[PDB]
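# Fold and contact review
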Amino acid sequence: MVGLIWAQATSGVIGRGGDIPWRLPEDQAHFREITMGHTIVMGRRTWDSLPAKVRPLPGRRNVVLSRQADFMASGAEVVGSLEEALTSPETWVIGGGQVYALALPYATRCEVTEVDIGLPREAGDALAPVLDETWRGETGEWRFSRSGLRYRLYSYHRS
Ligand SMILES: NC(=O)c1ccc[n+]([C@@H]2O[C@H](COP(=O)([O-])OP(=O)(O)OC[C@H]3O[C@@H](n4cnc5c(N)ncnc54)[C@H](OP(=O)(O)O)[C@@H]3O)[C@@H](O)[C@H]2O)c1
Ligand SMILES: O=C(O)c1cccc(CSc2cccs2)c1
Ligand SMILES: [Co+2]
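As stated in the entry header, the method of structure determination is X-ray crystallography and the reported resolution is 1.6930 Å.

Looking up the chain in the PDB entry gives the name Dihydrofolate reductase, with the organism given as Mycobacterium tuberculosis. The annotation that UniProt attaches to the chain under Function is "Key enzyme in folate metabolism. Catalyzes an essential reaction for de novo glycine and purine synthesis, and for DNA precursor synthesis." We quote the UniProt Sequence similarities comment for the chain here in full: "Belongs to the dihydrofolate reductase family."

Around ligand 1, 26 residues are found, and the nearest of them are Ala 7, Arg 44, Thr 46, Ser 66 and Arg 67. Here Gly 96 contributes a backbone N or O atom positioned 2.9 Å from an oxygen atom of ligand 1. Bound to the protein, ligand 1 loses 87% of the 930 Å² it would expose on its own. For the shell around ligand 1, the elements supplying multiple residues, two or more each, are strand 1 (2-9), strand 2 (13-15), helix 2 (44-49) and helix 3 (97-103).

A few words now on the site of ligand 2. In the neighbourhood of ligand 2, the contacting residues comprise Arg 23, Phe 31, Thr 46, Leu 50, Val 54 and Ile 94. Residues that form the shell around ligand 2 fall into these classes: four nonpolar, one polar and one charged.

Core analysis: the largest hydrophobic core is formed by 21 residues, its most contacted members being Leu 4, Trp 6, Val 41, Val 93, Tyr 100 and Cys 110. Of all elements in the fold, only strand 1, strand 4 (61-65), helix 3 and strand 7 (109-115) reach the threshold of two or more residues within this core.

Further remarks concern the packing of aromatic side chains. As enumerated under the stated definition, the model contains two aromatic pairs in all. Plain terms: the ring middles of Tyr 154 and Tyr 156 are 5.7 Å apart, the flat faces sit at 5° to each other, and that makes the pair stacked. Owing to a relative accessible area of 13%, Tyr 154 belongs among the buried residues under this scheme. Positioned above the aromatic ring of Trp 142 is the side chain of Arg 150, whose terminal nitrogen or guanidinium carbon lies 4.7 Å from the ring centre.

Attention now goes to the UniProt feature "binding site: substrate" in the chain. Mapped onto this structure's residue numbering, the UniProt feature "binding site: substrate" falls at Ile 5, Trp 6, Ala 7, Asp 27, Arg 32, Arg 60, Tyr 100 and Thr 113. Relative to the elements of secondary structure, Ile 5 occurs in strand 1. Of the residues examined, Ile 5 reaches a relative accessible area of 7% and is grouped as buried. With residues up to four places along the chain from it excluded, the contact list for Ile 5 reads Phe 31, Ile 34, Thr 35, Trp 92, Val 93, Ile 94, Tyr 100 and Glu 111. Among the residues examined, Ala 7 registers a relative accessible area of 12% and is labelled buried. In contact with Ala 7, not counting residues within four places along its chain, are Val 13, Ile 14, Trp 22, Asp 27, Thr 113 and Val 115.

Cut-off values and rules
Residues numbered from 1 in each chain as written, not as in the entry; some residues may be left out. Chains lettered and ligands numbered in written order. Heavy atoms only, no water. UniProt positions renumbered as here; feature names shortened; annotations may be inferred. Near = heavy atom within 4 Å. Polar contact = N/O pair within 3.5 Å; in protein donor to acceptor, adjacent residues only side chain to side chain. Areas by Shrake-Rupley, 256 points an atom, 1.4 Å probe, with all protein chains shown as cover. Helix = DSSP H or I, 4+ residues; strand = E, 2+ residues; numbered from the N terminus. Nonpolar A, V, L, I, M, F, W, Y, C, P; charged D, E, K, R; others polar. Core = buried A, V, L, I, M, F, W, Y, C linked by side-chain atoms within 4.5 Å. Buried < 20%, exposed > 50% of the residue type's maximum accessible area, 1.4 Å probe, protein only. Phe/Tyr/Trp six-rings, centres within 6.5 Å; stacked < 30°, edge-to-face > 60°. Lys NZ or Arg CZ within 6 Å of the ring centre and 35° of its normal. Contact = heavy atoms within 4.5 Å.

Next comes the structure, spelled out in structure tokens:
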């Protein structure tokens, strides 16, 4: 099982300036629940976006995808191809935009948090992957984050 997990604005923006223009504690909790105990695969830029304090993410096989053969990710596994990272029953790809696009053919699940924020796309933004017609989704109920933004969960799946 390869799954993708991300949060996006209604515009599809997932990242800007190397970070994320929101923070939902409820989404972080759902992220930890979904990924705990499994392999997480992330691009080098996303590993850069994690503070040194919190990486590697606890209780998970942290894998970083990089073309730099000498890149050091303390506490993580650095691989040069995505296939190297899929040696486990459950692999969760956790960002960023490049690695989502790279991993989509392998994926049968997308856990998508839609954040009700009006965020026009800018040059340089990281964007969520386009899901074609093979994907079957369950649109969720709008929820209120204590951060003040409304959010909902899409759980997409395909055979
Ligand atoms: N849920 C969310 O909203 C969410 C989740 C995660 C991240 N983000 C955001 O997404 C943004 C970063 O995403 P990104 O698209 O800019 O960069 P990224 O996808 O996180 O990582 C890109 C890097 O991955 C490596 N890479 C990419 N394709 C590769 C391939 N085919 N083979 C080997 N290595 C490859 C390269 O690392 P080298 O350059 O070292 O080779 C490339 O620079 C940040 O703003 C982050 O905060 C958002
Ligand atoms: O654990 C924390 O305290 C913490 C606070 C802020 C941000 C993060 C990164 S989790 C993530 C970011 C992109 C893909 S997965 C972690
Ligand atoms: Co699990």
